[PDB]
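**Q** got an experimental structure here, sequence first:
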Amino acid sequence: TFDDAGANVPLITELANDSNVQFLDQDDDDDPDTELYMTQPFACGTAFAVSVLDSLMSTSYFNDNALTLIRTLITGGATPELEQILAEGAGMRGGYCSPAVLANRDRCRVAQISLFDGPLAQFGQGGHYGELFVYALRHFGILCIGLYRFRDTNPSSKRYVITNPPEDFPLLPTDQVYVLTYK
Amino acid sequence: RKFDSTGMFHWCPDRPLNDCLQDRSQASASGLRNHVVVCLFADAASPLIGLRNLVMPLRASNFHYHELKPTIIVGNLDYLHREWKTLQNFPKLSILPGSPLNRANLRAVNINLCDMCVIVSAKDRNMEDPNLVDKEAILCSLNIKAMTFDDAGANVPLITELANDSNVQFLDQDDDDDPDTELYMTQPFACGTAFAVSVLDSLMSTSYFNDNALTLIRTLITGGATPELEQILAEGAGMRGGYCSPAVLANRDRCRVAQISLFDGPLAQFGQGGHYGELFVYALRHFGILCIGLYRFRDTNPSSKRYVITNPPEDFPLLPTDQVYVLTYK
Amino acid sequence: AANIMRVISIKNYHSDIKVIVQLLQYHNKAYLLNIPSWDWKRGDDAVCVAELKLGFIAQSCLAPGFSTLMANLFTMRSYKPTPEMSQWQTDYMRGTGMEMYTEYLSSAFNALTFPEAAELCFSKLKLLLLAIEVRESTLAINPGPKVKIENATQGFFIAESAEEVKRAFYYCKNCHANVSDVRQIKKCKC
Ligand SMILES: [Ca+2]
Ligand SMILES: [Ca+2]
Ligand SMILES: [Ca+2]
């Protein structure tokens, strides 16, 4: 308790055994028949476990550049030159740099924008995903790749991911949108 | 100069290790060239490998002090404290702490300018797995061959002490690996870049059947460790010694094994088309030098690898790129 | 250490084999980089479960939930609606069905800027386009109006399956593709 809270604080837990995911949460109807990706803590993004990476072996054989796309997003830009520089055993060297290289200080980041207030709010009140996608890319140069929606509406704080919803998918003013943005 | 009590080795008074200890800045500030690097793998707990036996032949008194190859050991500091008690009487010796796999350590000792790098491991074989037992010696050998040294790489001279002979497969490429092949036939052994303790196991026989042939070996490979020196060491004082009588200093002349190139120099003549035989004769005759074999390039027409040829036939053709193993008195 | 040996043994047998290796600690990845034939440009790779795990979790600090976005994106799964499953679970499940795929954009995309090509994919094709291979080779994520689609540009897409993404290859522009059941899209005469 943090009075001048509690279950409202944002958490992510790295699990070592996936089946221990049952104990991270309540009001969630635990069943060990259920594989990790279907469980409520994983759908909410509060639970990560190393097992969900084991498909990356396949993805490499079948699309190497899709792993390089992952590696560039999730590392924030660890290029082959940096791991060469680290393999030289000196540690990260570096100091004020040429504006030249500094040019790469502009990269796409994944980010979250809320539809509660702001230009996009309009789409929030009844709009459909589709509209947003278009308006956004068009006016702001921002791709929308999914939603982070409250699980309860009518009352817990938990939200869940929705990857790339349909064009006619209805929005709520409380939704948050995952986006790729250049600034 | 000072020498040990039998005059067989160059010598210096004791010293604490911190006199020979260096960091990377000190190593790279020192003018290390034509030196020997020992890449030592050890835990602080590992058994003593006896590096005195490595350093001592490189300090035989039949070398002038200016031609003694300086020596730097890269490895675990706590292990080297335990061993230093044996090393402390040899001159031109240095220690750089930390892993030999660390490319900065290697770059700081000028690894590209050494006359040889020795990869040696001291860690235990209490390890159950015959594939993992050499993993550091293999990784170190490969790591050194991959570096770049622009103002190189696979051109730097290496010798690797293997703990399991069958791991010799991984030391080299373009070599057609086959585990049916016993160690002495493999390319790394024929090139002299790979040594393993198994090739010594015949020395039991050689002793029973010719004791003096082992004493001939022992006098060459140790640089002259006589029975009197191992008596003096068994007294538990360590190597005593100081400036010595010219008398004993007389033994500062012994035969050494050495390498002479037929590229330029008096013997060059034989190089251009001659046959081994001729050289043997000319040499012994004019220089008092026996020729006992050749160290020939494997590729001609283009890699740097060379191979040994023990005592070739009289009519065996020479090349201007050959190097000759010789026994020489000066 | 055992997996580094294997990689050493495989490369020792023949250099040009593409090797993909799983590592459980980044501090060991270096070793592999030295093997004298690891060539990232050739295809060799090292999926490091540490680098990736902690990485995903990091991204989730900057954008909560991301790690469950991406993890689902890189595992193959068909959508399977059922009774006995809540509204939020059906929406989540539909999302877990999608995976990342890659395909060559059709000739109809030539000289489009990337934003209008991506708009065209979402609106007509029912595919989401993230990124393109730009010809030397490089990968560009959501590039601005300055970048235009060259011939045989490879795109990266999110879709329910490989059968879905092929529409972006067969799409023949206004020469054929003007009917709203996307299912219709198929290899045009010219
Ligand atoms: Ca639970
Ligand atoms: Ca080999
Ligand atoms: Ca799918």
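**A** Perfect, I can see it now. Numbers count the residues shown, from 1 in each chain, chains lettered A, B, ... in the order given. Ligands and ions are numbered 1, 2, ... in the order given.
**Q** nearest to chain B: which residue in chain A?
**A** residue A:89 (4.2 Å; CB to the nearest CB). For every residue, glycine as well, the C-beta is placed using N, CA and C.
**Q** what is the burial count for that residue?
**A** 18 (other CB atoms under 10 Å in any protein chain shown).
**Q** show me what contacts residue 106?
**A** You didn't pick a chain, so chain A it is. By CB atoms under 8 Å, 6 or more residues apart in numbering or on different chains, the contact list for residue A:106 reads A:182, A:183.
**Q** let me rephrase: I mean chain C.
**A** When contacts are counted by CB under 8 Å, 6+ apart, residue C:106 touches C:168, C:169, C:170, C:171, C:172, C:173.
**Q** please report phi then psi for the residue nearest to the fifth one when sequence neighbours are not counted.
**A** Using CB to CB, 6 or more residues apart in numbering or on different chains and skipping residues adjacent in sequence, the residue nearest residue C:172 is residue C:188, 3.7 Å away. Backbone geometry at residue C:188, expressed as degrees, to the nearest 10, gives phi -70, psi 160.
**Q** now do residue A:99
**A** phi -50, psi -30.
**Q** can you give me the distance of it to ligand 1?
**A** Per CB to the ion, to the nearest Å, residue A:99 is found 53 Å from ligand 1.
**Q** which residues of chain A lie near chain B?
**A** Residues of chain A found near chain B (CB under 8 Å from any CB of the partner chain) are A:87, A:88, A:89, A:90.
**Q** near ligand 1, which residues of chain A show up?
**A** For chain A, the residues in contact with ligand 1 (CB under 5 Å from the ion) are A:22, A:25, A:28, A:30.
**Q** mind redoing it with 6 Å?
**A** Proximity of chain A to ligand 1 (CB under 6 Å from the ion) is limited to residues A:22, A:25, A:26, A:28, A:30.
**Q** is the third one in a helix, a strand, or coil?
**A** Following DSSP: H, G, I helix; E, B strand; the rest coil, residue A:26 is assigned to coil.
**Q** do the first one as well
**A** Secondary structure assignment for residue A:22 (three-state DSSP): helix.
**Q** number of nearby residues for residue C:45?
**A** Residue C:45: 22 neighbours (other CB under 10 Å).
**Q** who touches it in this structure?
**A** A:60, A:64, A:67, C:19, C:20, C:21 are the contacts of residue C:45 under CB under 8 Å, 6+ apart.
**Q** since we're on the first one, how many residues are nearby?
**A** Okay, so that is residue A:60. Residue A:60: 22 surrounding residues under other CB under 10 Å.
**Q** doesn't residue C:22 make contact with it?
**A** No. Using CB atoms under 8 Å, residue A:60 makes no contact with residue C:22, being 10.0 Å away.
**Q** which residues do those two both contact?
**A** residue C:47.
**Q** A strand includes residue A:66, no?
**A** No. The assignment for residue A:66 (three-state DSSP) gives helix, which keeps it out of a strand.
**Q** count of neighbours near it?
**A** 22.
**Q** what of residue C:178?
**A** 10.
**Q** follow-up on the earlier one: helix, strand or coil for the residue of chain A closest to chain B?
**A** Strictly by three-state DSSP, residue A:89 counts as coil.
**Q** got the phi and psi for it?
**A** phi 80, psi 0.
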